[PDB]
$ cat protein_14.pdb   # PDB, C-alpha atoms and all ligand atoms
ATOM      1  CA  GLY Y   1      51.090  24.742 -61.601  1.00  0.00           C
ATOM      2  CA  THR Y   2      51.793  23.970 -57.943  1.00  0.00           C
ATOM      3  CA  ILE Y   3      51.225  26.476 -55.203  1.00  0.00           C
ATOM      4  CA  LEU Y   4      52.035  25.859 -51.540  1.00  0.00           C
ATOM      5  CA  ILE Y   5      49.749  27.338 -48.874  1.00  0.00           C
ATOM      6  CA  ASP Y   6      51.066  27.615 -45.326  1.00  0.00           C
ATOM      7  CA  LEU Y   7      48.761  26.411 -42.613  1.00  0.00           C
ATOM      8  CA  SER Y   8      48.621  28.319 -39.363  1.00  0.00           C
ATOM      9  CA  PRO Y   9      49.462  26.284 -36.254  1.00  0.00           C
ATOM     10  CA  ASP Y  10      46.142  27.596 -34.955  1.00  0.00           C
ATOM     11  CA  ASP Y  11      44.242  25.873 -37.809  1.00  0.00           C
ATOM     12  CA  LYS Y  12      42.554  22.573 -36.908  1.00  0.00           C
ATOM     13  CA  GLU Y  13      43.936  21.188 -40.154  1.00  0.00           C
ATOM     14  CA  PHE Y  14      47.546  21.898 -39.041  1.00  0.00           C
ATOM     15  CA  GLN Y  15      46.857  20.350 -35.681  1.00  0.00           C
ATOM     16  CA  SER Y  16      45.313  17.123 -37.062  1.00  0.00           C
ATOM     17  CA  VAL Y  17      48.226  16.615 -39.517  1.00  0.00           C
ATOM     18  CA  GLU Y  18      50.815  17.299 -36.781  1.00  0.00           C
ATOM     19  CA  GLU Y  19      49.043  14.809 -34.497  1.00  0.00           C
ATOM     20  CA  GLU Y  20      49.178  12.106 -37.147  1.00  0.00           C
ATOM     21  CA  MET Y  21      52.901  12.782 -37.631  1.00  0.00           C
ATOM     22  CA  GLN Y  22      53.769  12.693 -33.917  1.00  0.00           C
ATOM     23  CA  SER Y  23      51.461   9.856 -32.857  1.00  0.00           C
ATOM     24  CA  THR Y  24      52.803   7.398 -35.478  1.00  0.00           C
ATOM     25  CA  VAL Y  25      56.472   7.575 -34.460  1.00  0.00           C
ATOM     26  CA  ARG Y  26      57.809   4.181 -33.315  1.00  0.00           C
ATOM     27  CA  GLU Y  27      61.125   2.516 -32.539  1.00  0.00           C
ATOM     28  CA  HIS Y  28      62.811   0.852 -35.519  1.00  0.00           C
ATOM     29  CA  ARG Y  29      64.710  -2.444 -35.607  1.00  0.00           C
ATOM     30  CA  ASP Y  30      67.842  -0.684 -36.877  1.00  0.00           C
ATOM     31  CA  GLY Y  31      68.230   1.176 -33.584  1.00  0.00           C
ATOM     32  CA  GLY Y  32      67.978   4.479 -35.476  1.00  0.00           C
ATOM     33  CA  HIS Y  33      70.560   3.664 -38.143  1.00  0.00           C
ATOM     34  CA  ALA Y  34      68.561   4.829 -41.201  1.00  0.00           C
ATOM     35  CA  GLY Y  35      66.359   7.560 -39.765  1.00  0.00           C
ATOM     36  CA  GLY Y  36      68.000   8.736 -36.556  1.00  0.00           C
ATOM     37  CA  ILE Y  37      67.304   8.397 -32.839  1.00  0.00           C
ATOM     38  CA  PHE Y  38      64.143  10.276 -31.763  1.00  0.00           C
ATOM     39  CA  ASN Y  39      60.721   9.854 -30.151  1.00  0.00           C
ATOM     40  CA  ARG Y  40      59.115  12.990 -31.557  1.00  0.00           C
ATOM     41  CA  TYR Y  41      59.544  15.825 -34.040  1.00  0.00           C
ATOM     42  CA  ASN Y  42      59.807  19.602 -34.045  1.00  0.00           C
ATOM     43  CA  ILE Y  43      57.275  20.526 -36.762  1.00  0.00           C
ATOM     44  CA  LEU Y  44      58.461  23.727 -38.447  1.00  0.00           C
ATOM     45  CA  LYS Y  45      55.904  24.150 -41.255  1.00  0.00           C
ATOM     46  CA  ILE Y  46      52.913  22.395 -42.819  1.00  0.00           C
ATOM     47  CA  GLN Y  47      51.921  23.438 -46.339  1.00  0.00           C
ATOM     48  CA  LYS Y  48      48.941  22.393 -48.436  1.00  0.00           C
ATOM     49  CA  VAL Y  49      49.987  21.345 -51.935  1.00  0.00           C
ATOM     50  CA  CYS Y  50      47.595  22.739 -54.540  1.00  0.00           C
ATOM     51  CA  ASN Y  51      47.809  21.636 -58.166  1.00  0.00           C
ATOM     52  CA  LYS Y  52      44.656  21.385 -60.259  1.00  0.00           C
ATOM     53  CA  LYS Y  53      46.072  19.147 -62.990  1.00  0.00           C
ATOM     54  CA  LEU Y  54      47.651  16.710 -60.512  1.00  0.00           C
ATOM     55  CA  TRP Y  55      44.477  16.667 -58.395  1.00  0.00           C
ATOM     56  CA  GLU Y  56      42.326  15.888 -61.410  1.00  0.00           C
ATOM     57  CA  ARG Y  57      44.749  13.141 -62.479  1.00  0.00           C
ATOM     58  CA  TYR Y  58      44.304  11.637 -58.994  1.00  0.00           C
ATOM     59  CA  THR Y  59      40.468  11.901 -58.912  1.00  0.00           C
ATOM     60  CA  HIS Y  60      40.227  10.431 -62.433  1.00  0.00           C
ATOM     61  CA  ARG Y  61      42.150   7.319 -61.374  1.00  0.00           C
ATOM     62  CA  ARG Y  62      40.293   7.189 -58.063  1.00  0.00           C
ATOM     63  CA  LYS Y  63      36.954   6.892 -59.894  1.00  0.00           C
ATOM     64  CA  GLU Y  64      38.344   4.158 -62.154  1.00  0.00           C
ATOM     65  CA  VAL Y  65      39.464   2.152 -59.129  1.00  0.00           C
ATOM     66  CA  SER Y  66      36.213   2.833 -57.237  1.00  0.00           C
ATOM     67  CA  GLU Y  67      34.217   1.544 -60.215  1.00  0.00           C
ATOM     68  CA  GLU Y  68      36.294  -1.683 -60.256  1.00  0.00           C
ATOM     69  CA  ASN Y  69      35.762  -2.186 -56.496  1.00  0.00           C
ATOM     70  CA  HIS Y  70      32.050  -1.785 -55.666  1.00  0.00           C
ATOM     71  CA  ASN Y  71      32.285   2.007 -55.470  1.00  0.00           C
ATOM     72  CA  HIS Y  72      35.068   1.881 -52.884  1.00  0.00           C
ATOM     73  CA  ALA Y  73      38.365   3.645 -53.566  1.00  0.00           C
ATOM     74  CA  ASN Y  74      39.751   2.479 -50.183  1.00  0.00           C
ATOM     75  CA  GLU Y  75      41.378   5.848 -49.749  1.00  0.00           C
ATOM     76  CA  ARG Y  76      43.964   6.403 -47.023  1.00  0.00           C
ATOM     77  CA  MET Y  77      46.188   9.243 -45.742  1.00  0.00           C
ATOM     78  CA  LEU Y  78      49.768   7.929 -45.613  1.00  0.00           C
ATOM     79  CA  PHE Y  79      53.316   9.227 -45.339  1.00  0.00           C
ATOM     80  CA  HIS Y  80      55.963   9.276 -48.070  1.00  0.00           C
ATOM     81  CA  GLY Y  81      59.655  10.109 -47.617  1.00  0.00           C
ATOM     82  CA  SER Y  82      62.046  10.716 -50.493  1.00  0.00           C
ATOM     83  CA  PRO Y  83      64.896  12.970 -51.505  1.00  0.00           C
ATOM     84  CA  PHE Y  84      62.696  13.970 -54.454  1.00  0.00           C
ATOM     85  CA  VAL Y  85      59.790  15.661 -52.643  1.00  0.00           C
ATOM     86  CA  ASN Y  86      60.344  18.786 -54.784  1.00  0.00           C
ATOM     87  CA  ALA Y  87      59.857  16.842 -58.021  1.00  0.00           C
ATOM     88  CA  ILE Y  88      56.824  15.082 -56.576  1.00  0.00           C
ATOM     89  CA  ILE Y  89      54.936  18.184 -55.499  1.00  0.00           C
ATOM     90  CA  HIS Y  90      55.517  19.861 -58.878  1.00  0.00           C
ATOM     91  CA  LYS Y  91      55.136  16.974 -61.359  1.00  0.00           C
ATOM     92  CA  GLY Y  92      53.366  14.254 -59.368  1.00  0.00           C
ATOM     93  CA  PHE Y  93      54.251  10.717 -58.443  1.00  0.00           C
ATOM     94  CA  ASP Y  94      55.573   8.534 -61.257  1.00  0.00           C
ATOM     95  CA  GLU Y  95      57.904   5.626 -62.052  1.00  0.00           C
ATOM     96  CA  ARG Y  96      60.971   7.700 -60.997  1.00  0.00           C
ATOM     97  CA  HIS Y  97      59.672   7.645 -57.414  1.00  0.00           C
ATOM     98  CA  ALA Y  98      59.359   3.853 -57.334  1.00  0.00           C
ATOM     99  CA  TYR Y  99      61.543   1.847 -54.961  1.00  0.00           C
ATOM    100  CA  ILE Y 100      62.985  -0.685 -57.411  1.00  0.00           C
ATOM    101  CA  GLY Y 101      64.450  -2.865 -54.658  1.00  0.00           C
ATOM    102  CA  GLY Y 102      61.573  -2.787 -52.159  1.00  0.00           C
ATOM    103  CA  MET Y 103      60.156  -5.879 -50.403  1.00  0.00           C
ATOM    104  CA  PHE Y 104      57.045  -5.735 -52.614  1.00  0.00           C
ATOM    105  CA  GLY Y 105      58.675  -4.979 -55.939  1.00  0.00           C
ATOM    106  CA  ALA Y 106      59.120  -1.815 -57.931  1.00  0.00           C
ATOM    107  CA  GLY Y 107      56.277   0.434 -56.808  1.00  0.00           C
ATOM    108  CA  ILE Y 108      55.767   3.594 -54.782  1.00  0.00           C
ATOM    109  CA  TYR Y 109      55.856   2.965 -51.045  1.00  0.00           C
ATOM    110  CA  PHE Y 110      53.709   4.648 -48.356  1.00  0.00           C
ATOM    111  CA  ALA Y 111      53.728   4.208 -44.563  1.00  0.00           C
ATOM    112  CA  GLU Y 112      51.299   4.495 -41.665  1.00  0.00           C
ATOM    113  CA  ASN Y 113      54.269   5.188 -39.397  1.00  0.00           C
ATOM    114  CA  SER Y 114      55.728   8.632 -40.095  1.00  0.00           C
ATOM    115  CA  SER Y 115      59.027   7.329 -38.656  1.00  0.00           C
ATOM    116  CA  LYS Y 116      59.147   4.660 -41.383  1.00  0.00           C
ATOM    117  CA  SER Y 117      58.908   7.369 -44.113  1.00  0.00           C
ATOM    118  CA  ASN Y 118      61.538   9.359 -42.186  1.00  0.00           C
ATOM    119  CA  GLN Y 119      64.035   6.555 -42.875  1.00  0.00           C
ATOM    120  CA  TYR Y 120      63.752   7.349 -46.615  1.00  0.00           C
ATOM    121  CA  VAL Y 121      64.042  11.179 -46.577  1.00  0.00           C
ATOM    122  CA  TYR Y 122      67.793  11.099 -47.260  1.00  0.00           C
ATOM    123  CA  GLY Y 123      67.588   8.064 -49.545  1.00  0.00           C
ATOM    124  CA  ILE Y 124      67.268   4.278 -49.282  1.00  0.00           C
ATOM    125  CA  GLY Y 125      68.379   3.249 -45.804  1.00  0.00           C
ATOM    126  CA  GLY Y 126      68.939   6.934 -44.997  1.00  0.00           C
ATOM    127  CA  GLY Y 127      71.631   7.287 -47.697  1.00  0.00           C
ATOM    128  CA  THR Y 128      74.554   9.171 -46.236  1.00  0.00           C
ATOM    129  CA  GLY Y 129      72.286  11.319 -44.071  1.00  0.00           C
ATOM    130  CA  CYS Y 130      71.824  15.069 -44.295  1.00  0.00           C
ATOM    131  CA  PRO Y 131      73.651  16.875 -47.118  1.00  0.00           C
ATOM    132  CA  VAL Y 132      75.392  19.311 -44.760  1.00  0.00           C
ATOM    133  CA  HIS Y 133      76.720  17.084 -41.944  1.00  0.00           C
ATOM    134  CA  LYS Y 134      76.432  13.560 -43.501  1.00  0.00           C
ATOM    135  CA  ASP Y 135      74.481  12.502 -40.442  1.00  0.00           C
ATOM    136  CA  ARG Y 136      71.422  10.202 -40.668  1.00  0.00           C
ATOM    137  CA  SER Y 137      70.538  11.317 -37.115  1.00  0.00           C
ATOM    138  CA  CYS Y 138      70.992  15.040 -37.790  1.00  0.00           C
ATOM    139  CA  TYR Y 139      69.053  17.139 -35.268  1.00  0.00           C
ATOM    140  CA  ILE Y 140      69.901  20.432 -37.033  1.00  0.00           C
ATOM    141  CA  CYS Y 141      68.958  20.038 -40.688  1.00  0.00           C
ATOM    142  CA  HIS Y 142      65.385  20.479 -41.912  1.00  0.00           C
ATOM    143  CA  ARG Y 143      63.682  17.406 -43.280  1.00  0.00           C
ATOM    144  CA  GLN Y 144      60.554  17.108 -45.364  1.00  0.00           C
ATOM    145  CA  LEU Y 145      57.867  14.405 -45.597  1.00  0.00           C
ATOM    146  CA  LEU Y 146      54.706  14.203 -47.665  1.00  0.00           C
ATOM    147  CA  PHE Y 147      51.362  13.257 -46.113  1.00  0.00           C
ATOM    148  CA  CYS Y 148      49.463  11.910 -49.088  1.00  0.00           C
ATOM    149  CA  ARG Y 149      45.994  10.831 -50.215  1.00  0.00           C
ATOM    150  CA  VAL Y 150      46.403   7.304 -51.570  1.00  0.00           C
ATOM    151  CA  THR Y 151      43.873   5.104 -53.376  1.00  0.00           C
ATOM    152  CA  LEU Y 152      44.384   1.448 -52.445  1.00  0.00           C
ATOM    153  CA  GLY Y 153      41.335  -0.125 -54.073  1.00  0.00           C
ATOM    154  CA  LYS Y 154      41.481  -3.875 -53.683  1.00  0.00           C
ATOM    155  CA  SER Y 155      44.763  -4.466 -51.878  1.00  0.00           C
ATOM    156  CA  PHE Y 156      46.802  -7.672 -51.980  1.00  0.00           C
ATOM    157  CA  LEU Y 157      47.670  -8.699 -48.420  1.00  0.00           C
ATOM    158  CA  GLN Y 158      51.275  -9.787 -47.884  1.00  0.00           C
ATOM    159  CA  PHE Y 159      52.149 -11.060 -44.405  1.00  0.00           C
ATOM    160  CA  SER Y 160      55.869 -10.313 -43.814  1.00  0.00           C
ATOM    161  CA  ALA Y 161      58.624  -9.891 -41.240  1.00  0.00           C
ATOM    162  CA  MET Y 162      57.367   0.127 -62.584  1.00  0.00           C
ATOM    163  CA  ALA Y 163      55.999  -3.336 -61.675  1.00  0.00           C
ATOM    164  CA  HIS Y 164      52.310  -4.199 -62.019  1.00  0.00           C
ATOM    165  CA  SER Y 165      49.816  -4.763 -59.223  1.00  0.00           C
ATOM    166  CA  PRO Y 166      49.011  -8.387 -58.559  1.00  0.00           C
ATOM    167  CA  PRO Y 167      46.272  -9.490 -60.962  1.00  0.00           C
ATOM    168  CA  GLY Y 168      42.821  -8.420 -59.730  1.00  0.00           C
ATOM    169  CA  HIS Y 169      44.339  -5.917 -57.230  1.00  0.00           C
ATOM    170  CA  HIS Y 170      45.158  -2.154 -57.218  1.00  0.00           C
ATOM    171  CA  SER Y 171      47.844  -2.124 -54.522  1.00  0.00           C
ATOM    172  CA  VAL Y 172      49.799  -4.276 -52.061  1.00  0.00           C
ATOM    173  CA  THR Y 173      49.620  -4.093 -48.252  1.00  0.00           C
ATOM    174  CA  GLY Y 174      52.649  -5.175 -46.285  1.00  0.00           C
ATOM    175  CA  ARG Y 175      51.298  -6.419 -42.951  1.00  0.00           C
ATOM    176  CA  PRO Y 176      53.866  -6.673 -40.173  1.00  0.00           C
ATOM    177  CA  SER Y 177      54.243 -10.373 -39.034  1.00  0.00           C
ATOM    178  CA  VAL Y 178      57.046 -10.078 -36.402  1.00  0.00           C
ATOM    179  CA  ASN Y 179      57.160  -6.599 -34.901  1.00  0.00           C
ATOM    180  CA  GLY Y 180      53.977  -6.264 -32.979  1.00  0.00           C
ATOM    181  CA  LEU Y 181      54.275  -2.484 -32.842  1.00  0.00           C
ATOM    182  CA  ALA Y 182      54.829  -1.728 -36.567  1.00  0.00           C
ATOM    183  CA  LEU Y 183      51.993  -0.306 -38.646  1.00  0.00           C
ATOM    184  CA  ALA Y 184      51.298  -1.318 -42.256  1.00  0.00           C
ATOM    185  CA  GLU Y 185      53.144  -0.183 -45.365  1.00  0.00           C
ATOM    186  CA  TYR Y 186      51.445   0.030 -48.767  1.00  0.00           C
ATOM    187  CA  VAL Y 187      52.623  -0.050 -52.375  1.00  0.00           C
ATOM    188  CA  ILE Y 188      50.942   1.364 -55.481  1.00  0.00           C
ATOM    189  CA  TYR Y 189      52.120   0.748 -59.032  1.00  0.00           C
ATOM    190  CA  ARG Y 190      50.489   3.765 -60.716  1.00  0.00           C
ATOM    191  CA  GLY Y 191      51.582   7.338 -59.855  1.00  0.00           C
ATOM    192  CA  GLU Y 192      48.054   8.608 -60.386  1.00  0.00           C
ATOM    193  CA  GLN Y 193      46.904   6.650 -57.312  1.00  0.00           C
ATOM    194  CA  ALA Y 194      48.469   9.163 -54.888  1.00  0.00           C
ATOM    195  CA  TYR Y 195      48.193  12.939 -54.401  1.00  0.00           C
ATOM    196  CA  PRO Y 196      50.827  14.730 -52.262  1.00  0.00           C
ATOM    197  CA  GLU Y 197      48.402  16.704 -50.063  1.00  0.00           C
ATOM    198  CA  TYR Y 198      50.685  18.089 -47.349  1.00  0.00           C
ATOM    199  CA  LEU Y 199      54.340  19.047 -47.308  1.00  0.00           C
ATOM    200  CA  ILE Y 200      55.633  18.830 -43.738  1.00  0.00           C
ATOM    201  CA  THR Y 201      58.910  20.460 -42.767  1.00  0.00           C
ATOM    202  CA  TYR Y 202      60.426  19.219 -39.533  1.00  0.00           C
ATOM    203  CA  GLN Y 203      63.395  18.251 -37.416  1.00  0.00           C
ATOM    204  CA  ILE Y 204      63.803  15.055 -35.433  1.00  0.00           C
ATOM    205  CA  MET Y 205      64.283  15.779 -31.719  1.00  0.00           C
ATOM    206  CA  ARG Y 206      67.143  14.456 -29.598  1.00  0.00           C
ATOM    207  CA  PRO Y 207      65.699  12.419 -26.704  1.00  0.00           C
ATOM    208  CA  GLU Y 208      66.235  14.107 -23.323  1.00  0.00           C
TER     209      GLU Y 208
HETATM  210  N1  LIG U   1      59.451   5.986 -48.985  1.00  0.00           N
HETATM  211  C1  LIG U   1      58.610   5.762 -47.975  1.00  0.00           C
HETATM  212  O1  LIG U   1      58.035   6.653 -47.374  1.00  0.00           O
HETATM  213  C2  LIG U   1      58.347   4.340 -47.562  1.00  0.00           C
HETATM  214  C3  LIG U   1      57.134   4.040 -46.963  1.00  0.00           C
HETATM  215  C4  LIG U   1      56.860   2.720 -46.614  1.00  0.00           C
HETATM  216  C5  LIG U   1      57.829   1.742 -46.807  1.00  0.00           C
HETATM  217  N2  LIG U   1      59.007   2.078 -47.374  1.00  0.00           N
HETATM  218  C6  LIG U   1      59.292   3.332 -47.759  1.00  0.00           C
HETATM  219 ZN    ZN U   2      72.651  18.112 -40.855  1.00  0.00          ZN
END

$ encode --input "protein_14.pdb" --output "structure tokens"
Amino acid sequence: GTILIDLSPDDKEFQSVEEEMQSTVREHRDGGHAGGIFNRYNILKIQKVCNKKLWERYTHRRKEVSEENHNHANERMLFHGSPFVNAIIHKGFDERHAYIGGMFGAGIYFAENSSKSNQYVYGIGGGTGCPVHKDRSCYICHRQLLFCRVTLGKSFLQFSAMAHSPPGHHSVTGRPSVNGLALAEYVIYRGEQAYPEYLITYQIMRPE
């Protein structure tokens, strides 16, 4: 049931999504080990992901959460990186997309920093890098990220350097406590609490 609609680079919607991608790149403490060495991307394509069933599954859950949280879904737009973006856009998020070994337990992980999600595109810790060249810093191969609508509801705040949400909460927020420049990461424990809105195809760019 999924169709992908290409956005024109002239469309304000393309431009706002690209700006969120580019403006949330940061340096990582691994020196580029997992995700590569880059300060910016070459955006090749941005597609809107359209699936009625998956959208309705999302809005159903969103209303449930809103009703448990004084009519506030606490909805965010966040990045997700995974080798399984094709499964996600066709069948939705579910327990197979959970990061069993993550810092906040076995849930589905989303990032404010696009460059954090980039570290997961080829697998946990970058896996072995791109399929073709086995390079986690590949500047040739096309990568894909999802920019997703995520319902946080009442989020459990973890200060730091499928499972269930903490009791009385709908998500977990991982607040950076060491790296002053890192943005937050978020975990949900129900696939229906995220919709994969945009599929972004890109390359990382070699610094000049
Ligand atoms: N898979 C991801 O995009 C991700 C986001 C935030 C933290 N860890 C992983
Ligand atoms: Zn490559």

$ closest_residue --input "protein_14.pdb" --among "Y:32, Y:1, Y:92, Y:125" --to "ligand LIG 1 (chain U)" --atoms "only C-alpha atoms and all ligand atoms"
Y:125

$ residues_near_ligand --input "protein_14.pdb" --ligand "ligand ZN 2 (chain U)" --cutoff "7 Å" --atoms "all atoms listed in the file" --output "ChimeraX atom specification"
/Y:130-135,138-141

$ residues_near_ligand --input "protein_14.pdb" --ligand "ligand LIG 1 (chain U)" --cutoff "10 Å" --atoms "only C-alpha atoms and all ligand atoms" --output "MDAnalysis selection string"
chainID Y and resid 78:83 97:99 102:104 107:125 145:147 174 183:187

$ resolve_selection --input "protein_14.pdb" --expression "the PyMOL selection byres (((chain Y and resi 22-24) around 6) and not hetatm)" --output "ChimeraX atom specification"
/Y:19-21,25,40,113-114

$ closest_residue --input "protein_14.pdb" --among "Y:46, Y:73, Y:163, Y:178" --to "residue 14 of chain Y" --atoms "only C-alpha atoms"
Y:46

$ residues_around --input "protein_14.pdb" --residues "residue 157 of chain Y" --least-positions-apart "2" --cutoff "9 Å" --atoms "only C-alpha atoms" --output "ChimeraX atom specification"
/Y:155,159,171-175

$ write_last_selection --input "protein_14.pdb" --atoms "C-alpha atoms" --output "short mmCIF file (atom, residue, chain, number, x, y, z; two decimals), keeping the file's coordinate frame"
data_model
loop_
_atom_site.label_atom_id
_atom_site.label_comp_id
_atom_site.auth_asym_id
_atom_site.auth_seq_id
_atom_site.Cartn_x
_atom_site.Cartn_y
_atom_site.Cartn_z
CA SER Y 155 44.76 -4.47 -51.88
CA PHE Y 159 52.15 -11.06 -44.40
CA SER Y 171 47.84 -2.12 -54.52
CA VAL Y 172 49.80 -4.28 -52.06
CA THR Y 173 49.62 -4.09 -48.25
CA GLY Y 174 52.65 -5.18 -46.28
CA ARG Y 175 51.30 -6.42 -42.95
#

$ resolve_selection --input "protein_14.pdb" --expression "the PyMOL selection byres (((chain Y and resi 28) around 10) and not hetatm)" --output "mmCIF file with C-alpha atoms, in the coordinates of the input"
data_model
loop_
_atom_site.group_PDB
_atom_site.id
_atom_site.type_symbol
_atom_site.label_atom_id
_atom_site.label_comp_id
_atom_site.auth_asym_id
_atom_site.auth_seq_id
_atom_site.Cartn_x
_atom_site.Cartn_y
_atom_site.Cartn_z
ATOM 1 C CA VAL Y 25 56.472 7.575 -34.460
ATOM 2 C CA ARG Y 26 57.809 4.181 -33.315
ATOM 3 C CA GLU Y 27 61.125 2.516 -32.539
ATOM 4 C CA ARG Y 29 64.710 -2.444 -35.607
ATOM 5 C CA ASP Y 30 67.842 -0.684 -36.877
ATOM 6 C CA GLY Y 31 68.230 1.176 -33.584
ATOM 7 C CA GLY Y 32 67.978 4.479 -35.476
ATOM 8 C CA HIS Y 33 70.560 3.664 -38.143
ATOM 9 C CA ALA Y 34 68.561 4.829 -41.201
ATOM 10 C CA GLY Y 35 66.359 7.560 -39.765
ATOM 11 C CA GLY Y 36 68.000 8.736 -36.556
ATOM 12 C CA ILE Y 37 67.304 8.397 -32.839
ATOM 13 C CA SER Y 115 59.027 7.329 -38.656
ATOM 14 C CA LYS Y 116 59.147 4.660 -41.383
ATOM 15 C CA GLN Y 119 64.035 6.555 -42.875
ATOM 16 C CA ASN Y 179 57.160 -6.599 -34.901
ATOM 17 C CA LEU Y 181 54.275 -2.484 -32.842
ATOM 18 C CA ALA Y 182 54.829 -1.728 -36.567
#

$ atom_distance --input "protein_14.pdb" --atom1 "atom CA of residue 154 of chain Y" --atom2 "atom CA of residue 188 of chain Y"
11.0 Å

$ closest_residue --input "protein_14.pdb" --among "Y:7, Y:49, Y:148, Y:161" --to "residue 191 of chain Y" --atoms "all atoms listed in the file"
Y:148

$ closest_residue --input "protein_14.pdb" --among "Y:199, Y:192, Y:55, Y:176" --to "residue 158 of chain Y" --atoms "only C-alpha atoms"
Y:176

$ residues_around --input "protein_14.pdb" --residues "residue 69 of chain Y" --least-positions-apart "5" --cutoff "10 Å" --atoms "all atoms listed in the file" --output "list in words"
residues 63, 64, 74, 153, 154, 168, 169 and 170 of chain Y

$ axis_aligned_box --input "protein_14.pdb" --around "segment 55-62 of chain Y" --padding-each-side "4 Å" --output "lines of an AutoDock Vina configuration file"
center_x = 42.5
center_y = 11.9
center_z = -60.3
size_x = 12.5
size_y = 17.5
size_z = 12.4

$ closest_residue --input "protein_14.pdb" --among "Y:47, Y:128, Y:164, Y:75" --to "residue 59 of chain Y" --atoms "all atoms listed in the file"
Y:75
